[PDB]
Amino acid sequence: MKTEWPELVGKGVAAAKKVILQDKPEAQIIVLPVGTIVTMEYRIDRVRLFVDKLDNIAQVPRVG
């Protein structure tokens, strides 16, 4: 189980989702502005995408 997609840093949302869903077809993908304060709960189904103002992935996407 691959749980991080560092190779997607700098990619647009459409592109990132396409790769993530190949690896984890039933992933719950959420998009949030980078810098958003989140809680520490661990959700194995989830992959949060932190994006910058150009709507590009700003941090390494990971399961949690």
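Residues numbered from 1 in each chain as written, not as in the entry; some residues may be left out. Heavy atoms only, no water. Residues with missing side-chain atoms left out of burial classes, pairs and counts.

The protein chain goes by CHYMOTRYPSIN INHIBITOR 2 in the PDB entry, where it is assigned to Hordeum vulgare. As recorded in the PDB, the entry bears the title "DIRECT OBSERVATION OF BETTER HYDRATION AT THE N-TERMINUS OF AN ALPHA-HELIX WITH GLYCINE RATHER THAN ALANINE AS N-CAP". Its UniProt record gives the protein chain the following Function comment, quoted word for word: "Inhibits both subtilisin and chymotrypsin." (UniProt positions renumbered as here; feature names shortened; annotations may be inferred.)

The next thing to look at is the overall build of the protein chain. When its secondary structure is counted, the protein chain shows one helix and three strands. Along the chain direction, N to C, the helices and strands of the protein chain fall in the order α-β-β-β. Summarising its shape, the C-alpha atoms of the protein chain cover approximately 30 × 25 × 15 Å along the three principal directions. (Helix = DSSP H or I, 4+ residues; strand = E, 2+ residues; numbered from the N terminus.)

What follows covers the nonpolar core. Membership of the largest hydrophobic core is limited to twelve residues, which are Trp5, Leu8, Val13, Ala16, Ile20, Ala27, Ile29, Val47, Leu49, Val51, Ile57 and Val63. Elements that contribute at least two residues to this core include exactly α1 (13-23) and β2 (46-51). In this view, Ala16 contacts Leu8, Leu49 and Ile57; residues no more than four positions away in its chain are not counted. (Core = buried A, V, L, I, M, F, W, Y, C linked by side-chain atoms within 4.5 Å. Buried < 20%, exposed > 50% of the residue type's maximum accessible area, 1.4 Å probe, protein only. Contact = heavy atoms within 4.5 Å.)

Within the sequence span of α1, burial applies to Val13, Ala16 and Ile20. Down the axis of α1, the buried side of the element spans an arc of 65°, and every buried residue falls inside it. In α1, the exposed positions angled more than 90 degrees off the buried face are occupied by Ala14, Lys18 and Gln22. Tucked inside the fold, the buried residues of α1 contact β1 (28-33) and β2. (Arc of directions from axis to C-beta.)

In this fold, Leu49 is placed in strand β2. Aside from chain neighbours lying at most four places away, what touches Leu49 is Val13, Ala16, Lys17, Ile20, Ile29, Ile30, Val31, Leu32, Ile57 and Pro61.

Below, the discussion takes up unusual backbone geometry. We note that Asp55 has phi near 65°; this positive angle belongs to a residue other than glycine. Structurally, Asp55 can be placed in the loop between β2 and β3 (62-63). Residue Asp55 is classed as partly exposed on the basis of its relative accessible area of 45%.

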